[PDB]
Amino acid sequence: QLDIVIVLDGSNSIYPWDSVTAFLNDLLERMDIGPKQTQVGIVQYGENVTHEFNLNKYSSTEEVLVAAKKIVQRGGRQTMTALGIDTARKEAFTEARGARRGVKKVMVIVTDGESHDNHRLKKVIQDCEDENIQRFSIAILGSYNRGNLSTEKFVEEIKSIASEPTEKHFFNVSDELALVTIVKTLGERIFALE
């Protein structure tokens, strides 16, 4: 029994967006979704934050898959990852939006750049840790590599978001088309680690 919130960077450097919705489809279709099973909410951030749907909006896997396919890329000049994570913690994981007392809490964060608000990450991550939110973080290195930008500081930032052990919770994904390849391992760990 898990409440899972997926936190999606919507910035326009991620391309094609079909790669992200394919990742969502493949990950979510392997779950048993319902008010007494797994619940999924999805938040998208860029420059601001939007709840695509709350944890208790949908009570079946079929419904979640239909909604996930329709999620549009929202774009954004800036990448406010700390705001996205903090909003997932303070808003998505609330009883008002369907969060359940006593279930396992998992956040999955998908991003392709360093965050403009990275000075907030230390506090935001510690607040998630205090609230028992297990964090899987996914760095997509595609746009950085395509722009010949160094990725080492980026990888370090996204690793810092992942729960320990870091190597089980952090995924380095070379490019958008490779995102779907992590689904089997990610799903296994979501339901195996605490």
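Note that residue numbering begins at 1 and tracks the sequence as displayed.
Mean C-alpha B-factor is higher over 35-43 than over the other stretch, the pair under comparison being 35-43 and 128-136. A summary of the deposited B-factors shows that, of 95-103 and 118-126, the stretch with the larger mean C-alpha value is 95-103. Per the deposited coordinates, the residue with the largest Cα temperature factor out of 54, 143, 160, 48 is 48. For residue 14, the recorded CA temperature factor ranks within the middle third of the chain's modelled residues. In the deposited entry, the Cα temperature factor of residue 168 places it in the middle third of its chain's modelled residues.
Per-chain ranking of the deposited C-alpha B factor places residue 76 in the highest third. Sort the chain's modelled residues by C-alpha temperature factor and residue 68 lands in the middle third, per the entry. Sort the chain's modelled residues by C-alpha temperature factor and residue 21 lands in the middle third, per the entry.
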